[PDB]
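Read off the chains here:
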Number of protein chains: 2
Amino acid sequence: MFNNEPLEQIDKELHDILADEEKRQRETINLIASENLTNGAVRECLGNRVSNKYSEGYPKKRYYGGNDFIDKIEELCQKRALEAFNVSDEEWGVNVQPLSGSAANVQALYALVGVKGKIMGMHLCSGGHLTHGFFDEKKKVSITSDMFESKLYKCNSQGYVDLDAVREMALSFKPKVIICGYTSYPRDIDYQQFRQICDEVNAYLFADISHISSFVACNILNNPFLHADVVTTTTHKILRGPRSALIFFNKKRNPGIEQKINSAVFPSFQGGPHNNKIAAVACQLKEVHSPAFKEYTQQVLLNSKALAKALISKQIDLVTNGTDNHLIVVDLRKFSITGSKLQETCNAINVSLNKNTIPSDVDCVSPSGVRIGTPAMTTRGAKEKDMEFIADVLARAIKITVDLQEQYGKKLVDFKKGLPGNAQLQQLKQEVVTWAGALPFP
Amino acid sequence: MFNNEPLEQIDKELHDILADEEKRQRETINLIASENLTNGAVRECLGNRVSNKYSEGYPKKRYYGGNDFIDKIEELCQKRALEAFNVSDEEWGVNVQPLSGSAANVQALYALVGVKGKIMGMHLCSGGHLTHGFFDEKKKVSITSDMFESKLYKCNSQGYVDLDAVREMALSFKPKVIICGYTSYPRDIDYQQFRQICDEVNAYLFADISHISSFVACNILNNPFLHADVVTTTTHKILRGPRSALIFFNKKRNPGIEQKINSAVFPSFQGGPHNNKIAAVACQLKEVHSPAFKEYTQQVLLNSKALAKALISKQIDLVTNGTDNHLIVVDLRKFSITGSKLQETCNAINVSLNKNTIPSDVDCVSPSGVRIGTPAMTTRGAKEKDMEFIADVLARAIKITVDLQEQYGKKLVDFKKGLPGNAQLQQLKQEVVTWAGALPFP
Ligand SMILES: COCc1ccc(-c2cc(C#N)cc([C@@]3(C(C)C)C(C#N)=C(N)Oc4n[nH]c(C)c43)c2)s1
Ligand SMILES: COCc1ccc(-c2cc(C#N)cc([C@@]3(C(C)C)C(C#N)=C(N)Oc4n[nH]c(C)c43)c2)s1
Ligand SMILES: Cc1ncc(COP(=O)(O)O)c(CNCC(=O)O)c1O
Ligand SMILES: Cc1ncc(COP(=O)(O)O)c(CNCC(=O)O)c1O
Ligand SMILES: [Cl-]
């Protein structure tokens, strides 16, 4: 008693937009640092009937019948997660049920500190996440600043984490958790240094490695598992998995953390797991552990180094003057333009990026930077040689932006008036589409 | 620079379990009240590349470029959501980003009351959800009992919502929110009555209709939208959508609630939306509004009435002695067995259900009932005549459970010893598989 017609026949309106979205994807230079493109295997999992199952609880301890195969799927995922990060299942445990990074982080923090608990995070303007305790004067923007008491450490004027400031703050504030690992931080992390600071104030060490997860797995960047109590990561970014998250806990450093973390995920916060996610994560995790994915990850950094190099060669300023990973933040101050305007210009030419703050910024709405990343284009087979081209495309977008600000003015509404029908933008978009459309598309 | 081998070739281990799960689903009599089976169209959406996109914020108000088609999909979902529940976009608004029912509820509650805020909900043992403020004497089981201050109302010994008790509690406790609409409540709800109590005490009216959403939409049961400030519902249950949730808010009753709810979903709790979810919800909502889905929803109740009738004819006791909806709770006390045991026995025969508490219950690990539901089997084309068979199968499982308890004992571990190889169970499972395996399967 159901309709079985395929999507095209059953919902032609929706299918058209999705075909449109697909085309836009195929024809964009995607520089969103947090984006990637999943393979068919991961999407076959997301589309699977395994999402039919209600399976509240944990494997072997469900609140429903019919969970025999779901248990195998949940355990294989946990297995592959611990494998992927080269941690012994004896020392480290993992929860594979958080629906997304924001959820995982809120869950993990509560497990560690509870309501009104004290937490320390990097500020949003400095590269930190919303879920790292963010608030402004006016409002408690994230729940992490409301259900928890938070204080926020800023990076220095150069854009690097100031460990001195971190220690200064920890000794006065006395938090139960300190969060490191970031959303738009272009440099590696001194985890050991964080560990020594946490030890001084009897605080937990929280490493959110969502952006840099593939580097950690493939042993290309610092390994937070050597020092961290809790490691979170999303699966949809550099890891190239589906949209989901993982919570890792050091059982050996903290006995009874397993129960604490697991009870926080369920039944404190979530209900039924999304088993299609868990299946998809499992699939990607197998791939994460291969020598071939290590190659992909290496190429991500090769590409990011080259892109930084080529942008510098064109007189563009970068926060920290380079990168240790997949991501770059461009400081646009010398051009007297905003990230907001550069975002609109880049969208008009099919270049995906986002506006981003820099250390000197005081404005969340009008930032002085854009953030770019290589994981998506690296997935699409782009190499170091291709980076000069992206660098050139961005330079030209910056120039065009300066011109349009000259013609139409500083107001964002006024500025957008110049984008449609602009001859150079049309020429640039076509230039973008031609190269982007030809690249391998999973 | 990726792998494009299909799931079968890329990950054979995982593909086998999924095919195993698919086989089990096809050959199970699914009586889990919160379960359904999605069509291929909904699964093509969950599998779509649209999940590649990061689109934090709201349509037209994104924090990333290249969201032109993502905006159309998020808007068409809001459009179809309000359409399906027969509400005007001028009076009612909706958020389509909550990832699941538990998140949406925590999100919606925070919006209304904030941290330390006061809320009222039905007790878990009485039929209410975890996210309705549930706590134990020992522990604050749900975050809804911890980040909020909660009180819990119990149904009477007959299993009906006791409005006297609700009012008595509301006048003393003075909550800011009162929650109605439930997880395992077999009767319709007097929303008007709740509204009168909420008015008296200046409390918001919260109706969580996840279990009964299709009834509300198709105007087969009481409409909470006539009276409620906030309406939440998951999409994966009787709605037969993907795993996601919706928050509805009455703008006419509460100006400024839109910003409150929207900011609570993001950036208070979540980060990037799951666009494949939104696409899938949109697709199912078109179907919800059709006269053909009204037919399906009618069948669900016709089947649930019949099944209740047939169980009573076999001397099985029901909570409230019947049903107003898709769900029944069987009181097993007269048989001196637990739901836990009946759940294992039913799993052994390919009958999916869950153990459920009853009003006299004081125990959560071992309850005195099972909960059953018709949405899945109705989806599979089963009619009123088919219900006698399901009733017969359950009666037979109950008997086998009494026998096995006599032989092996009251300990759950001891009891399970008797399940494998049992000739009657093998006979019953085969009877189950034959009939279920031949039913239409989306
Ligand atoms: C309405 O509350 C104030 C805000 C919520 C999110 C804000 C935000 C603004 C900007 C800018 N420009 C950038 C961000 C960024 C980037 C990555 C997009 C951002 C930056 N820069 C950082 N550090 O973390 C984030 N988490 N989520 C989002 C959307 C961000 C966040 S401002
Ligand atoms: C951590 O200990 C406290 C608990 C968490 C879940 C508990 C629970 C036990 C039983 C039993 N028997 C039943 C439930 C039910 C049913 C639908 C399965 C349940 C019941 N009965 C109700 N009312 O709501 C629920 N939300 N989530 C779950 C799993 C439930 C929940 S008790
Ligand atoms: C470090 C970090 N942690 C958690 C999250 C949250 O994940 P969800 O959005 O899946 O909830 C993000 C999102 N990052 C925003 C970006 O870099 O584009 C992040 O950068
Ligand atoms: C009334 C109600 N509200 C919210 C939820 C939460 O949904 P998620 O599991 O998607 O977070 C449930 C789950 N229902 C459990 C059951 O009836 O089987 C529910 O029954
Ligand atoms: Cl999903």
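- For this entry, the PDB record names X-ray crystallography as the structure determination method and reports a resolution of 2.5000 Å.

## Quick look at helix α16 (residues 423-436) of chain A
Residues and elements named next belong to chain A.
Piece 1. With 14 residues, α16 should cover 20 Å at 1.5 Å per step; its first-to-last C-alpha distance of 20 Å lies within 8% of that length.
Piece 2. By the burial criterion, the buried members of α16 are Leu425, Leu428, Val432, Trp435 and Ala436. Seen along its axis, α16 keeps its buried residues to an arc of 100°; they face one direction. Turned more than 90 degrees off the buried face of α16, the exposed positions are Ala423, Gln430 and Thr434.
Piece 3. Where the residues of α16 are buried, they touch α2 (12-26), β1 (29-30), α12 (339-348), β13 (351-352), α13 (375-379) and α14 (384-408).
Piece 4. Measuring from the backbone nitrogen of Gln424 back to the side-chain oxygen at the start of α16 gives 2.9 Å, which picks out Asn422 as the cap.

## Comments concerning the site of ligand 4
Piece 1. Neighbouring ligand 4 are 20 residues; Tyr54 and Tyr64 of chain A together with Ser34, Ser100 and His211 of chain B lie closest to it.
Piece 2. Residues within reach of ligand 4 are spread across chains A and B.
Piece 3. Within the contact set of ligand 4, an oxygen atom lies 2.5 Å away from a side-chain nitrogen or oxygen of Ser34 of chain B.
Piece 4. Side-chain polar atom of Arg371 of chain B to an oxygen atom of ligand 4: 2.8 Å apart, as the coordinates give it.
Piece 5. Surface burial for ligand 4 is 98%, taken as the share of its 480 Å² of free accessible area covered by protein chains.
Piece 6. Broken down by element, the shell around ligand 4 gets its largest block of residues, three residues, from helix α5 (residues 101-113) of chain B.
Piece 7. Within the shell around ligand 4, the residues separate by chemical class into three nonpolar, 13 polar and four charged.

## Digging into the UniProt feature "binding site: pyridoxal 5'-phosphate 2" (unreviewed entry) in chain A
All names here are of chain A.
Piece 1. When the UniProt feature table is mapped to this numbering, "binding site: pyridoxal 5'-phosphate 2" (unreviewed entry) covers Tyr54, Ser100, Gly101, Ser102, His129, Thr183 and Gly272. These residues run over 219 residues, and the two farthest C-alpha atoms among them are 32.6 Å apart, placing them at more than one spot.
Piece 2. With respect to the helices and strands, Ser102 occurs in helix α5 (residues 101-113).
Piece 3. The exposure class of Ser102 is buried, given its relative accessible area of 6%.
Piece 4. Take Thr183: it is sitting in the loop between β7 (177-180) and α7 (191-200).
Piece 5. Among all residues touching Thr183, those that are not within four sequence positions of it are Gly127, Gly128, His129, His211, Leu327 and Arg371.

## A closer look at the relation of the copies chain B and chain A
Piece 1. With an RMSD of 0.1 Å, the fit of chain B onto chain A corresponds to turning through 180° and sliding 0.0 Å along the axis. When the rotation and shift are considered jointly, the pair of chain copies conforms to a two-fold rotation axis. Residue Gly47 of chain B, judged by its C-alpha, is the member of chain B lying nearest the rotation axis, at 2.2 Å.
Piece 2. When the interface residues of chain B are mapped onto chain A, 99% of them again fall at the interface, so both copies present the same face.

## Describing the packing of aromatic side chains
Piece 1. Within this structure, the stated rule accounts for 22 aromatic pairs over all chains.
Piece 2. Geometrically, the ring pair formed by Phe225 of chain B and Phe248 of chain B is edge-to-face, given 5.3 Å between the ring centres and 85° between the ring planes. Residue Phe225 of chain B is located in the loop between α9 (213-217) and β9 (230-234), and its partner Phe248 of chain B is located in strand β10 (residues 245-250); the two are separated by 23 residues in the primary sequence. Comparing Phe225 of chain B with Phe248 of chain B shows no difference in burial state: the two are buried.
Piece 3. Each member of the aromatic cluster is reached from another via a ring pair, and the members are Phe85, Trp92, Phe225 and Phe248 of chain A.
Piece 4. Looking at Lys118 of chain B, its charged tip hangs above the ring of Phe173 of chain B, at a distance of 5.5 Å from the centre.
Piece 5. One residue, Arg240 of chain B, lies across the ring of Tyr296 of chain B, its end atom 3.9 Å from the ring centre.

How each quantity is defined
- Shown numbers run from 1 along every chain as its sequence is written, which may differ from how the entry numbers residues; residues without coordinates are omitted from display.
- By the order in which they are written, chains take letters starting at A while ligands take numbers starting at 1.
- With hydrogens and water set aside, each side-chain value is computed from the structure's full complement of heavy atoms.
- A helix here means a DSSP run of H or I that spans at least four residues, while a strand means a run of E at least two residues long, and both kinds are numbered starting from the N terminus.
- The span expected for a helix works out to 1.5 Å for each residue beyond the first.
- Buried, partly exposed and exposed residues are distinguished by accessible area as a fraction of the type maximum, computed with a 1.4 Å probe on protein chains only: under 20%, between the cut-offs, and over 50%, respectively.
- As used here, the arc is the angular range of directions from the helix axis to the C-beta atoms.
- Any two residues having at least one pair of non-hydrogen atoms within 4.5 Å are treated as being in contact.
- In protein, a polar contact requires one atom able to donate a hydrogen and another able to accept it; more generally it is a pair of N or O atoms within 3.5 Å, and residues adjacent in sequence count only if both atoms are side-chain atoms.
- Nearness is defined per residue: one heavy atom within 4 Å of the molecule or strand is enough.
- Every accessible area reported is derived by Shrake-Rupley at a probe size of 1.4 Å, with residue values counting cover from the shown protein chains alone.
- Here the nonpolar group is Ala, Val, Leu, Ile, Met, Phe, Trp, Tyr, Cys and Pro; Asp, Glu, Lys and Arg are the charged ones; every other residue, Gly included, is treated as polar.
- UniProt positions are given in the numbering used here, feature names are shortened, and annotations may be inferred rather than shown by experiment.
- Every copy is matched to the others by a least-squares superposition of C-alpha atoms.
- Pairing of aromatic rings covers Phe, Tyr and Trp, the last counted by its six-membered ring, and requires centre-to-centre distances within 6.5 Å; plane angles under 30 degrees mean stacked, over 60 mean edge-to-face, and any other angle means tilted.
- Here, over-ring charges are defined by two tests on the NZ atom of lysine or the CZ atom of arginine: distance to the ring centre within 6 Å, and angle to the ring normal within 35 degrees.

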